[PDB]
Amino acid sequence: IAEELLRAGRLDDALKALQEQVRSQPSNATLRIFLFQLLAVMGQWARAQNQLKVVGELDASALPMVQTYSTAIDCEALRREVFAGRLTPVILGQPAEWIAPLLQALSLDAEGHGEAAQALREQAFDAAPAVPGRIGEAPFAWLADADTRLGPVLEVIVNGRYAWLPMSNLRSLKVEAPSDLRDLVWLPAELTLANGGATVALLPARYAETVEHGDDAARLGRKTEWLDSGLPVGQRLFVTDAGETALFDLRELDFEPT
């Protein structure tokens, strides 16, 4: 029943139903695995973390998941602060000069200087290099996030820490369709850096304002849209000179060497 409520996108109803299941069978680790993931989709971070702890205690084999995703949930809170201009994200790989105006634009927006913020983003975008490549076999001349606050930057969680990765620091990305409910929130990815490094990563898969300002469908990544405020909610979307690809549909992305 909770399963079917989830499928219908009825999150509140699904949660109510699932909590009653857990209450009925409180030592069933699998119900608590469902519950943690559902709470994550709903953005109830502390409660999702609570369930992970209990999962860890019931099923010790689940402990590496518990470690990975409890620190992923901590990172999801840094996101709100980052996009509110209150927290500086670290940058992985070679420093990119044009990140600085992007970050300053976030803090100028927060102070109500939207014109000055737009001026800095325009300068950042001008400076950021168009790098050609391929999505699968389909070529592009440039690629960026549809979120103008990011442009050609990828949000990542790597080794337990939130970061921005300039796309010009990226050589390739490989991702599969989402498989588990938690994958709607954090899509697993294999990254290869322009500098040679390779790392597994988690990609925050929804825009940060989705939890507070989206609907259930946006929280489930079943749509992407822009609010009257101009901010996007729902599933991450990449745009190119030639088309667009939503993150859940991306499989292989490659950039041509500079």
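From 1 onward, residues are counted along the sequence shown.
Averaging the C-alpha B factors as listed in the entry, name the stretch that ends up higher: 153-161 or 167-175. The stretch with the larger average C-alpha B-factor is 167-175.
May I ask you to compare 189-197 and 32-40 by their mean CA B factor in the entry and name the higher one? The stretch with the larger average C-alpha B-factor is 189-197.
In the PDB entry, which of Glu209, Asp216, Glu225, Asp59 has its C-alpha at the highest B-factor? Of the candidates given, the C-alpha B-factor peaks at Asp59.
Specify which of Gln123, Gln94, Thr71, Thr148 carries the largest Cα B factor in the deposited PDB entry. If I rank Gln123, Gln94, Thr71, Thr148 by C-alpha B-factor, first place goes to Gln94.
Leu63: which third of its chain by C-alpha temperature factor? Highest third, going by the recorded CA B-factors of the chain.
Select lowest, middle or highest to describe the third in which the CA B-factor of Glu244 falls within its chain in this entry. According to the entry, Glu244 has a C-alpha B-factor in the chain's lowest third.
Just say lowest, middle or highest third for the CA B-factor of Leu250 relative to the other modelled residues in its chain. Tercile = middle for this residue's CA B-factor.
Once the chain's modelled residues are ordered by C-alpha B factor and cut into thirds, is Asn50 in the lowest, middle or highest one? Lowest third.
Compare the C-alpha B factor of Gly133 with those of the other modelled residues in its chain, then answer lowest, middle or highest third. Middle third, going by the recorded CA B-factors of the chain.
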